[PDB]
Amino acid sequence: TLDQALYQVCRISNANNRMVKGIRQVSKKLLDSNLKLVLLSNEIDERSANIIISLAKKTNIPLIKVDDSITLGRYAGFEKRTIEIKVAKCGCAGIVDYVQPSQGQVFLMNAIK
Amino acid sequence: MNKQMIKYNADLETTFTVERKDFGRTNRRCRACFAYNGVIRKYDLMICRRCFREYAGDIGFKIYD
Amino acid sequence: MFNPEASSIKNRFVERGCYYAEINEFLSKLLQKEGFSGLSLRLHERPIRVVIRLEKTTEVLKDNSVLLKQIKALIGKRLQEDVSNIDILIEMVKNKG
Amino acid sequence: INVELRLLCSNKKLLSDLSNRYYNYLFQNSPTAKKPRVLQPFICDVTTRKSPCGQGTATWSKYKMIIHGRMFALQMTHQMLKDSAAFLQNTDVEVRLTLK
Amino acid sequence: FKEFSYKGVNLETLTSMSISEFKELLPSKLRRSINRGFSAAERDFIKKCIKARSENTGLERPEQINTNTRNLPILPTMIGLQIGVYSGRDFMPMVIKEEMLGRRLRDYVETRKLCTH
Amino acid sequence: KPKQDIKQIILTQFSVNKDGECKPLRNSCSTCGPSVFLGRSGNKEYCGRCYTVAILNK
Amino acid sequence: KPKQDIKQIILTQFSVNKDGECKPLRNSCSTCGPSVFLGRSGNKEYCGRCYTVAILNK
Amino acid sequence: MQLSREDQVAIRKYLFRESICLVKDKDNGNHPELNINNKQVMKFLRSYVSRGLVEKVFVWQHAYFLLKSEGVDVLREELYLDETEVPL
Ligand SMILES: [Zn+2]
Ligand SMILES: [Zn+2]
Ligand SMILES: [Zn+2]
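Cut-offs and rules
- Residues numbered from 1 in each chain as written, not as in the entry; some residues may be left out.
- Chains lettered and ligands numbered in written order.
- Part of a larger assembly, values for the part shown.
- Heavy atoms only, no water.
- Residues with missing side-chain atoms left out of burial classes, pairs and counts.
- Donors = N, O, S within 2.8 Å, 3.2 Å for Na, K, Ca; no water.
- Tetrahedral: all angles 85-135°; square planar, octahedral: opposite > 155°, others 65-115°.
- Helix = DSSP H or I, 4+ residues; strand = E, 2+ residues; numbered from the N terminus.
- Buried < 20%, exposed > 50% of the residue type's maximum accessible area, 1.4 Å probe, protein only.
- Arc of directions from axis to C-beta.
- Axes fitted to C-alpha atoms, helices over the stretch in contact; angles between N-to-C directions.
- Parallel < 35°, antiparallel > 145°, perpendicular 65-115°, else oblique.
- Left-handed = near helix turned anticlockwise from the far one by under 90°.
- Contact = heavy atoms within 4.5 Å.
- Nonpolar A, V, L, I, M, F, W, Y, C, P; charged D, E, K, R; others polar.
- Pairing = 2+ DSSP bridges.

Peer 1: Honestly, the coordination of the zinc ion (ligand 1) in this entry has me stumped. Any pointers?
Peer 2: Ideal coordination angles are 109.5 degrees for a metal with four donors arranged tetrahedrally and 90 or 180 degrees for a metal with six donors arranged octahedrally. Residues and elements named next belong to chain B. In the first shell of the zinc ion (ligand 1), the protein supplies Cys 30 (SG), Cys 33 (SG), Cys 48 (SG) and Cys 51 (SG), at 2.3 Å from the metal. Around the zinc ion (ligand 1), the 4 donor atoms sit at angles spanning 94 to 125°, and that spread fits a shape best called tetrahedral. Along the chain, the residues donating to the zinc ion (ligand 1) are arranged with the sequence spacing C-x2-C-x14-C-x2-C. Within this pair, whereas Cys 30 is found in the loop between β2 (15–19) and β3 (39–40), its partner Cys 48 is found in strand β4 (residues 47–48), the two being separated by 18 residues in sequence. We classify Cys 48 as buried; its relative accessible area is 2%.

Below you can see the structure in the form of structure tokens.
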């Protein structure tokens, strides 16, 4: 399943500093045109979606979505100990480069292609 | 570090730079204990008279006479 | 008489003795649990030949002797010398009494 | 033809042994062998008060480190210089060379 | 009665001279300080004095100028001003009269109270 | 010192054509790179990396 | 003529204390009523009902 | 501690590549092998010592840092390296 493929992308992409969190930084990275696999999430306003979608198309790179902002929060590694664990939400995110190859990167690029 | 200072000429309009000379206790701290007093500076040691006497026999000094 | 050479020679010999004294302190703190007994340290000719005398040897040989690899690295770094130019021999002390 | 070899050392017994060893080597090769020249020792010294504070009778100590040295001037061919230089390693004595 | 004079020069001329010219009058140790150039602090002090003498008009006094530039020799540009010199504790106020030329600001302020047992 | 007002998500710098093509709404600096945009208020147009204010003749 | 950029819901003119008391963030005009606030850009501070731009000595 | 994310990962990889580090105290200079301010490298490693990952020994003017075995793994998880990778 592609959910684990995103896990395999995001962890390695944030150990080395190559995963960017937050709508504002995603915006400047789309403009600067040095990014891949932008994650949208569900709960955002129609205007805010329209911004990301419009830019992400204009940048001419792969775009994707995930079922909740808490599902993205796990990928971003915002998770923390309750005692058990809880996940802080993240809205939108993307990767700068793949630092080492992984099967999840291939599976995702094939899901795009 | 060799620090630098600006200074103005008599016109108070033209500027020039001068270098601060390294002198006094401030950079000659004991290499064993950071002390500022009683530092032996000879033979490019930089070690205080207290520290010297415990290490002298390891360095290779002896009291012959 | 006067020698231009004497000051250099005197400075050079003093500097070697200072490194010995420091490295000895380091190994004593690190290896008092090993019965660290003495050190040899020929700085005057590459390769730097280190002989360390110990009572027990398990913890220096343990896990592919990485403690040796680390001591070599720290001596290399403190002396500002290439790690390739150091040999470390560990010697079990005989006649311990 | 000529070589001058400086054996420099802050220990007397070592320098005495190593020079006797090298003198033996010279006389065993027999190139008209000779003793080393005994050099003026370099002596660096420091004078300091014994007590770590001002109390008591001021008592003073002089520490001095002596760097002994011996010179051989010698006649050899270039092969014998190159081959014999294998003798000049694994010593606490520092060894230096001059040539013409 | 004659005009104030310092080493031959009238206050009218003296107040018009550049610092470079005034340097030919001063004592040897003060000359050496001006030859070796002013600090960034001293320059701000002097520019404020030049501003103040220009700005002040009528009969109202200009505001006090404070300084920790103790070793600066007194210059003909700060005549008539009120200046506060740091004593190691407080800005001690004084007015720069004509007769002070050829001396440093430290010469007119005590860093240590007089002793009476 | 004083308090800093904030203008939330900055999107006002641009305008969007019916074709979806995007262009800057404010004008751009000649000497700070075209990626630096220029403010407006009364007689004043102004800039960031240089703090230079142009004064209009109106 | 040129196009007009827009800054959405204007709330940047003010700042809010921890007690909930509100004060203007930008400074206010002396001669247009205190209800008119003053812009900033580089050497320029500027005003609305009078178009007057002050130039700073920095 | 006032280090950039780039500076943090530069220390993590160095400390894994070689199982030791050596820092000079009371210095505003740059660490020869990293190009990071000495006080900042000390402050970073300080945390690893507190976490029990790294030994510290202080001799004359130098702090000698040694990475424990029971912490090679933590730094390998943190740096997200492959399971086969080990220090020199
Ligand atoms: Zn000392
Ligand atoms: Zn500009
Ligand atoms: Zn107005």
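Peer 1: Would you mind showing me how to read helix α1 (residues 49–59) of chain B here?
Peer 2: Each α-helix winds once per 3.6 residues, and so residues spaced three or four apart point in a common direction. Residues and elements named next belong to chain B. Among all positions of α1, only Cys 51, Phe 52, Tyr 55, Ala 56 and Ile 59 are buried. The arc that holds the buried residues of α1, viewed along the axis, is 145°, so those residues lie on one side. In this structure, α1 carries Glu 54 and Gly 57 as exposed residues pointing more than 90 degrees from its buried face. Trailing α1 by a residue or two, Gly 60 shows a phi angle of about 135°, which is positive.

Peer 1: Explain the packing of helix α1 (residues 2–15) of chain A against helix α5 (residues 103–112) of chain A here, please?
Peer 2: Each pair of packed helices can be described by the angle between their axes along with the distance between the axes. Residue and element names in this part refer to chain A. Running from N to C, α1 and α5 point in directions that differ by 125°, and their axes come no closer than 8 Å. If you check the angle between α1 and α5, you find them oblique. Every pair of crossing elements has a handedness; the one defined by α1 and α5 is left-handed. Across the interface between the two elements, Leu 2, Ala 5, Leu 6, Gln 8, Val 9 and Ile 12 from α1 touch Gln 103, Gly 104, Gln 105, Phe 107 and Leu 108 from α5. Of the residues belonging to the contact of α1 with α5, the class tally is 7 nonpolar, 4 polar and no charged.

Peer 1: Can you help me understand the sheet that holds strand β6 (residues 93–95) of chain A in this one?
Peer 2: Sheets are built from strands paired through backbone hydrogen bonds, the pairs being either parallel or antiparallel. All names here are of chain A. One open sheet accounts for 4 strands, arranged β1-β6-β2-β3; its pairing is mixed. Of all strands in the sheet, those with a lone pairing partner are β1 (19–21) and β3 (63–66), marking the two edges. Within this sheet the neighbouring strands show an average axis-to-axis angle of 20°, counted without direction. In terms of strand pairing, β1 meets β6 through 3 bridges, oriented antiparallel. Each residue of the ladder has a partner; that of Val 20, found in β6, is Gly 94. On the sheet, α1 packs against β1, β2 (36–41) and β6 and is oriented at approximately 95° with respect to β1.

Peer 1: For this particular structure, what's the right way to read the interface of chain G and chain F?
Peer 2: Contacts between chain G and chain F engage 20 residues on the former and 17 residues on the latter. Elements represented by at least two residues in the side of chain G that touches chain F include exactly β1 (14–16), β4 (44–46) and β5 (53–55) of chain G. Looking at the side of chain G that touches chain F, its residues break down into 9 nonpolar, 7 polar and 4 charged.

Peer 1: Honestly, unusual backbone geometry in this entry has me stumped. Any pointers?
Peer 2: Leave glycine aside and you will find that most residues have negative phi; peptide bonds, for their part, are mostly trans. In this structure, the amide linkage connecting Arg 46 of chain C to the following residue, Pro 47 of chain C, adopts the cis form with an omega of 0°. Tracing the sequence through the fold places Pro 47 of chain C in the loop between β1 (38–42) and β2 (48–54). Positive phi is not limited to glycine here, since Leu 12 of chain B has a value of about 55°. Here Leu 12 of chain B shows up in the loop between β1 (4–8) and β2. Residue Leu 12 of chain B is classed as buried on the basis of its relative accessible area of 2%.

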